[PDB]
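Report on the following structure.
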Amino acid sequence: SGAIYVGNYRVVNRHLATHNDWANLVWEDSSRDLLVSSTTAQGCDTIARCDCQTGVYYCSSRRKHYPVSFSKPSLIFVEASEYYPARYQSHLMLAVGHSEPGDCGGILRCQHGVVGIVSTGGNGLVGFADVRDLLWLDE
Ligand SMILES: CSc1ccccc1CC(=O)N1CCC[C@H](C(N)=O)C1
Ligand SMILES: [Zn+2]
């Protein structure tokens, strides 16, 4: 679990979106595992606008933040699950690090701000859905 709050927006994993998120939908993309919904309050998270490949992520399954080197956003094959069939997920960044299913939503941050959220994992790897290209989150 975990979301990003920026202005009148709530950014969550699409596979964890609530009824409220769907009834207040702004944008969703299954291929990126993202869903953005509207909020009545003003979000204060800053989105990074950069091409950093190092940062820190929050891991709920260890209650700890971990420093990571992560790849550039790209199409990565993700195995079938209760939420999606086996497919390529786009805008995905991989790092070597611990993750478990309940970890989805934890924020990845660099010195410039919020980079993306935990979305995949398996075998000592963690995958982050990038949000830096979503320039409309600030306007
Ligand atoms: C942190 S997720 C994790 C971690 C360790 C092991 C297994 C997982 C589950 C995982 O990778 N997925 C299930 C939820 C939907 C994800 C997707 N974006 O398609 C894929
Ligand atoms: Zn950065």
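By order in the structure tokens, chains are A, B, ...; within a chain, residues start at 1; ligands start at 1, following the order shown.
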(message) Show me, as an MDAnalysis selection string, the residues that have an atom within 9 Å of stretch 98-107 of chain A when counting only C-alpha atoms, minus same-chain residues fewer than 2 positions from it.
(response) chainID A and resid 1:4 12:13 16 56:62 66 96 109 114:128
Limited to N, CA, C and O atoms, could you put the picked residues into a file as a short mmCIF file (atom, residue, chain, number, x, y, z; two decimals), in the first residue's frame?
data_model
loop_
_atom_site.label_atom_id
_atom_site.label_comp_id
_atom_site.auth_asym_id
_atom_site.auth_seq_id
_atom_site.Cartn_x
_atom_site.Cartn_y
_atom_site.Cartn_z
N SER A 1 0.82 -1.21 0.00
CA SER A 1 0.00 0.00 0.00
C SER A 1 0.86 1.27 0.00
O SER A 1 2.05 1.23 0.36
N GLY A 2 0.25 2.39 -0.40
CA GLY A 2 0.94 3.68 -0.47
C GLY A 2 0.62 4.46 -1.74
O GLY A 2 0.53 3.89 -2.84
N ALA A 3 0.44 5.76 -1.58
CA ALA A 3 0.08 6.64 -2.69
C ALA A 3 0.99 7.89 -2.76
O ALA A 3 1.77 8.11 -1.83
N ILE A 4 0.92 8.67 -3.88
CA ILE A 4 1.63 9.94 -4.05
C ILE A 4 0.55 11.03 -4.13
O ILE A 4 -0.36 10.94 -4.95
N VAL A 12 -1.74 6.13 -7.47
CA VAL A 12 -1.67 4.80 -6.84
C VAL A 12 -1.34 3.71 -7.84
O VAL A 12 -1.55 3.91 -9.03
N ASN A 13 -0.98 2.47 -7.35
CA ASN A 13 -0.87 1.30 -8.26
C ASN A 13 -2.27 1.04 -8.81
O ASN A 13 -3.23 1.03 -8.02
N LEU A 16 -4.26 -1.73 -7.13
CA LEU A 16 -4.75 -1.50 -5.76
C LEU A 16 -5.76 -0.34 -5.68
O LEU A 16 -6.08 0.08 -4.57
N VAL A 56 16.34 6.48 -2.91
CA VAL A 56 15.95 5.73 -1.71
C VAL A 56 14.50 5.29 -1.80
O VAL A 56 13.67 6.10 -2.14
N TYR A 57 14.19 4.04 -1.46
CA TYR A 57 12.80 3.59 -1.45
C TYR A 57 12.39 3.05 -0.08
O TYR A 57 13.23 2.54 0.67
N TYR A 58 11.09 3.16 0.23
CA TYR A 58 10.54 2.65 1.46
C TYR A 58 10.00 1.23 1.25
O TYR A 58 9.23 0.96 0.31
N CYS A 59 10.44 0.30 2.14
CA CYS A 59 10.08 -1.13 2.06
C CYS A 59 9.22 -1.45 3.28
O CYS A 59 9.80 -1.54 4.38
N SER A 60 7.84 -1.54 3.13
CA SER A 60 6.96 -1.86 4.27
C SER A 60 7.31 -3.19 4.89
O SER A 60 7.12 -3.33 6.09
N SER A 61 7.70 -4.21 4.09
CA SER A 61 8.00 -5.55 4.62
C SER A 61 9.25 -5.60 5.52
O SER A 61 9.53 -6.64 6.11
N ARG A 62 10.01 -4.50 5.61
CA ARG A 62 11.15 -4.44 6.52
C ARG A 62 11.09 -3.20 7.44
O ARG A 62 11.97 -3.04 8.32
N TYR A 66 15.80 1.96 1.83
CA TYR A 66 16.98 1.35 1.25
C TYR A 66 17.52 2.15 0.09
O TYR A 66 16.78 2.58 -0.79
N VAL A 96 18.18 -3.80 -7.53
CA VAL A 96 18.49 -4.96 -6.71
C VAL A 96 18.10 -4.51 -5.27
O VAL A 96 18.52 -3.45 -4.78
N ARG A 109 12.53 7.90 -4.01
CA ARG A 109 12.83 9.31 -4.04
C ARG A 109 14.30 9.56 -4.37
O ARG A 109 15.14 8.89 -3.83
N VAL A 114 10.01 12.90 -5.66
CA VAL A 114 9.38 11.61 -5.89
C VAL A 114 9.64 11.17 -7.32
O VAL A 114 9.31 11.90 -8.25
N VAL A 115 10.25 9.98 -7.48
CA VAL A 115 10.58 9.41 -8.78
C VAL A 115 9.47 8.45 -9.29
O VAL A 115 9.13 8.46 -10.47
N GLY A 116 8.96 7.61 -8.42
CA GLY A 116 7.98 6.60 -8.75
C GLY A 116 7.59 5.76 -7.55
O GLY A 116 7.98 6.09 -6.43
N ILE A 117 6.71 4.72 -7.74
CA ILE A 117 6.30 3.88 -6.64
C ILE A 117 6.60 2.37 -6.91
O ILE A 117 6.52 1.92 -8.06
N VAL A 118 6.84 1.57 -5.83
CA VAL A 118 7.05 0.12 -5.93
C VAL A 118 5.87 -0.51 -6.71
O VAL A 118 4.74 -0.10 -6.48
N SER A 119 6.12 -1.43 -7.64
CA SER A 119 5.04 -2.00 -8.48
C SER A 119 5.28 -3.45 -8.84
O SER A 119 4.32 -4.16 -9.16
N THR A 120 6.56 -3.90 -8.89
CA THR A 120 6.89 -5.30 -9.15
C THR A 120 8.05 -5.73 -8.21
O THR A 120 8.66 -4.91 -7.53
N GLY A 121 8.37 -7.01 -8.22
CA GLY A 121 9.49 -7.56 -7.47
C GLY A 121 9.56 -9.05 -7.64
O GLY A 121 8.63 -9.69 -8.15
N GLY A 122 10.64 -9.61 -7.13
CA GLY A 122 10.88 -11.05 -7.19
C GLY A 122 12.35 -11.37 -7.37
O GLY A 122 12.98 -10.76 -8.23
N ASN A 123 12.90 -12.28 -6.52
CA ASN A 123 14.28 -12.81 -6.53
C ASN A 123 15.42 -11.82 -6.20
O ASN A 123 16.53 -11.94 -6.73
N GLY A 124 15.18 -10.95 -5.22
CA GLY A 124 16.18 -9.96 -4.86
C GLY A 124 16.13 -8.75 -5.78
O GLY A 124 17.05 -7.95 -5.75
N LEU A 125 15.05 -8.58 -6.57
CA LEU A 125 14.84 -7.42 -7.43
C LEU A 125 13.56 -6.70 -6.96
O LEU A 125 12.60 -7.36 -6.56
N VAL A 126 13.52 -5.38 -7.13
CA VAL A 126 12.35 -4.55 -6.91
C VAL A 126 12.15 -3.65 -8.18
O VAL A 126 13.14 -3.18 -8.75
N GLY A 127 10.90 -3.49 -8.64
CA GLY A 127 10.53 -2.69 -9.80
C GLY A 127 9.66 -1.50 -9.43
O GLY A 127 8.70 -1.64 -8.66
N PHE A 128 9.97 -0.32 -10.00
CA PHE A 128 9.29 0.94 -9.67
C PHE A 128 8.60 1.52 -10.93
O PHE A 128 9.21 1.62 -12.00
#
(request) Find the residues near ligand 2. Use a cut-off of 10 Å, count only C-alpha atoms and all ligand atoms, and write them as number ranges by chain. (result) A: 47-55, 109-115, 132
Would you write out those residues with C-alpha atoms, as a PDB file, in the first residue's frame?
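Contents of result02.pdb, freshly written:
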ATOM      1  CA  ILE A  47       7.662  15.169  -8.306  1.00  0.00           C
ATOM      2  CA  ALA A  48      11.261  14.822  -9.559  1.00  0.00           C
ATOM      3  CA  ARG A  49      11.929  16.078 -13.140  1.00  0.00           C
ATOM      4  CA  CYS A  50      15.303  14.469 -13.864  1.00  0.00           C
ATOM      5  CA  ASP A  51      17.158  11.316 -15.166  1.00  0.00           C
ATOM      6  CA  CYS A  52      18.603  10.105 -11.796  1.00  0.00           C
ATOM      7  CA  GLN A  53      19.519   6.421 -11.524  1.00  0.00           C
ATOM      8  CA  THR A  54      20.156   6.439  -7.697  1.00  0.00           C
ATOM      9  CA  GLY A  55      17.695   7.112  -4.864  1.00  0.00           C
ATOM     10  CA  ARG A 109      12.831   9.310  -4.035  1.00  0.00           C
ATOM     11  CA  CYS A 110      15.986  11.065  -5.324  1.00  0.00           C
ATOM     12  CA  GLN A 111      17.375  14.557  -4.274  1.00  0.00           C
ATOM     13  CA  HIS A 112      14.900  16.151  -6.756  1.00  0.00           C
ATOM     14  CA  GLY A 113      11.771  14.513  -5.341  1.00  0.00           C
ATOM     15  CA  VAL A 114       9.382  11.613  -5.894  1.00  0.00           C
ATOM     16  CA  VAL A 115      10.583   9.410  -8.778  1.00  0.00           C
ATOM     17  CA  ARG A 132       8.674  11.725 -13.788  1.00  0.00           C
TER      18      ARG A 132
END
(message) My list of candidates is A:25, A:86, A:44, A:36. Which is closest to ligand 1 when distances are computed with only C-alpha atoms and all ligand atoms?
(response)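 Between A:25, A:86, A:44, A:36, the residue approaching ligand 1 most closely is A:86.
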(request) Using DSSP on the backbone, list every residue of chain A that comes out as strand (DSSP E or B), and give them as number ranges by chain. (result) A: 4-13, 25-29, 34-44, 47, 54-59, 64-70, 74-78, 87-96, 107-110, 113-121, 125-130
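Interatomic distance, atom CA of residue A:24 against atom CA of residue A:11: 11.8 Å.
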(request) Excluding residue A:23 and residues on its chain fewer than 6 positions from it, collect all residues at most 12 Å away from it, counting only C-alpha atoms, and give them as number ranges by chain. (result) A: 17, 35-39
(message) For a quick check of understanding, using only C-alpha atoms, which of A:92, A:131, A:46, A:97 has the smallest distance to residue A:67?
(response)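 Ranking A:92, A:131, A:46, A:97 by distance to residue A:67, first place goes to A:97.
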(request) Write out as number ranges by chain which residues come within 9 Å of residue A:15 when counting only C-alpha atoms, dropping same-chain ones fewer than 5 positions away. (result) A: 30, 33-35, 83-84
(request) To one decimal in Å, tell me the separation between atom CA of residue A:94 and atom CA of residue A:29. (result)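 Between these atoms lies a distance of 19.1 Å.
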(message) For a quick check of understanding, using only C-alpha atoms and all ligand atoms, which of A:139, A:75, A:40, A:32 has the smallest distance to ligand 1?
(response) A:32
(request) Have a look at A:78, A:93, A:137, A:108 and name the one nearest to residue A:10; count only C-alpha atoms. (result) A:137
(request) Give the answer as one residue: which of A:5, A:136, A:77, A:129 has the shortest atom-to-atom distance to residue A:41, using only C-alpha atoms? (result)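 Closest to residue A:41 of all the choices is A:5.
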(request) Have a look at atom CA of residue A:73 and atom CA of residue A:45 and let me know their distance in Å, one decimal. (result) 20.9 Å
(request) Choose the residue, out of A:130, A:28, A:79, A:138, that has the smallest atom-to-atom separation from ligand 1; count only C-alpha atoms and all ligand atoms. (result) A:79
